[PDB]
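Below: the structure, in structure tokens.
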Amino acid sequence: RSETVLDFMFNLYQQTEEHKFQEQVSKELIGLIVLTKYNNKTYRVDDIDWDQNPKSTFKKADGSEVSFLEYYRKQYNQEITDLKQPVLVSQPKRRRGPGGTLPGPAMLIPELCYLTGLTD
RNA sequence: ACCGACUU
Numbered sequence: 276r277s278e279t280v281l282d283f284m285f286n287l288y289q290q291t292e293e294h295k296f297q298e299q300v301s302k303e304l305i306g307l308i309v310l311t312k313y314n315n316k317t318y319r320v321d322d323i324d325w326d327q328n329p330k331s332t333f334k335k336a337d338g339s340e341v342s343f344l345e346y347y348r349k350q351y352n353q354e355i356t357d358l359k360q361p362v363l364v365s366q367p368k369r370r371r372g373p374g375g376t377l378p379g380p381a382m383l384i385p386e387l388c389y390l391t392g393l394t395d
């Protein structure tokens, strides 16, 4: 049981017209529930970032730079393998816009995101 | 509008 989010978009990709799938992925993915593998934490897909790269660094002090591989490998020997594949972004606040986003956008790569169940 | 769970 349970499957990756990457499978879902891949399934839909080969099944539906890519250009309309661009719309569908937004309409389906935005709102559905996902759990992140590192602790099996719980999140929802609010936004999707296309062709995103593993070279993304995490802002702890805005200047501290560690990659997905650097960060995750020290936790577990898992290898990230997205590379130009979309990553899932969680949006701390819905569509109104406070301007100053104190918490930076949280981005979780596809395979580190799995379907929690509220996706049915 | 936290789909009935959360910091990257």
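Residue numbers for the first sequence follow the authors' numbering, so the first one is 276 and each next one is one higher. Note that the Cβ used here is the ideal one computed from N, Cα and C, for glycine as well.
Going by DSSP in three states, residue i sits in which element: helix, strand or coil?
| i | result |
| --- | --- |
| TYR389 | strand |
| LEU377 | coil |
| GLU293 | helix |
| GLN360 | coil |
Taking the alpha carbon of residue i as the point to measure from, which residue in the options has its own alpha carbon closest?
| i | options | result |
| --- | --- | --- |
| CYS388 | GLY375, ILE355, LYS359 | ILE355 |
| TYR288 | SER277, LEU304, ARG276 | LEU304 |
| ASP337 | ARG369, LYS312, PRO378, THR317 | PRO378 |
| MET382 | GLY374, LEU390, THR311 | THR311 |
| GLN366 | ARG319, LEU281, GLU278 | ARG319 |
| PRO329 | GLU278, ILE384, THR394, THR291 | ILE384 |
Tell me residue i's beta-bridge partners as DSSP assigns them.
| i | result |
| --- | --- |
| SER365 | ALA381 |
| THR279 | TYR389 |
For the region 301-358, which segments carrying the alpha helix (DSSP H) assignment without a break, of at least 4 residues, lie completely within its bounds, in sequence order? 343-348
When you compare the region 321-340 with the region 361-372, are there three or more beta-carbon pairs, one atom per stretch, that lie closer than 8 Å? yes
Please confirm if the region 294-301 is in contact with the region 338-348, defined as three or more CB-CB distances below 8 Å between the two stretches. no
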